[PDB]
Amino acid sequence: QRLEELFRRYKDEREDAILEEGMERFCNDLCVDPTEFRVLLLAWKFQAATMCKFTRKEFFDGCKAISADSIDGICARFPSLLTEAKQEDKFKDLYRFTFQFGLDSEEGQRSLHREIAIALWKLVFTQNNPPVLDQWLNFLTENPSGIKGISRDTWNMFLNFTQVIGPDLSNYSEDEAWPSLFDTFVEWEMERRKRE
């Protein structure tokens, strides 16, 4: 019953779901910035994949999954959610979810907007910044080669990339079947080391 009352207070007047107005109040009550890492973890746990929305089922299944029926109960889980997201297999799952989440399927697109990709990459790696992440994100904001978005395979293979190479770049082969964007980046990153 507490869960029903909790849902009802953020729920949309018309739809059977939490939309943006509720989502914002919901994060406010959690005392959490709406764009911060714990909120990504929550969306992950609730299996949302549509930004700024929790359907009735996602909210109920997600609250049940973390054993909370209250604002205070959810907050109490945060530290263990943070811990969970650090385990190797959970992280891979959170990482795959993060692409789908950032993806506007309402249109819908098949690629992430460059800037969402940049924000989500920063967010998802919160607890574990790989050596190559700072420059990779500098490279993308500059966007030397004018890409429109980030596809599912580029997102997918980026994780392995971060594990294979750097800080040295000694394990990078231009000959390897990496998405070509990775090569564009390695060049760009060689140039900036020069100009440095």
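Throughout, we count residues from 1 along the sequence that is shown.
Per the PDB record, of the two stretches 118-126 and 105-113, 105-113 carries the greater mean B-factor over its C-alpha atoms. Taking the PDB entry as given, 160-168 carries the higher mean Cα B factor of the two stretches 55-63 and 160-168. Looking at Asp134, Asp153, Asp69, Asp33, the one whose CA carries the top B-factor in the deposited record is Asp134. Split the chain's modelled residues into thirds by C-alpha temperature factor. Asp16 is in the highest one. Looking at the C-alpha B-factors along this chain, the one for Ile147 belongs to the highest third.
Split the chain's modelled residues into thirds by C-alpha temperature factor. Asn28 is in the lowest one. Among the modelled residues of its chain, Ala49 has a C-alpha B-factor that falls in the highest third, as given in the PDB entry.
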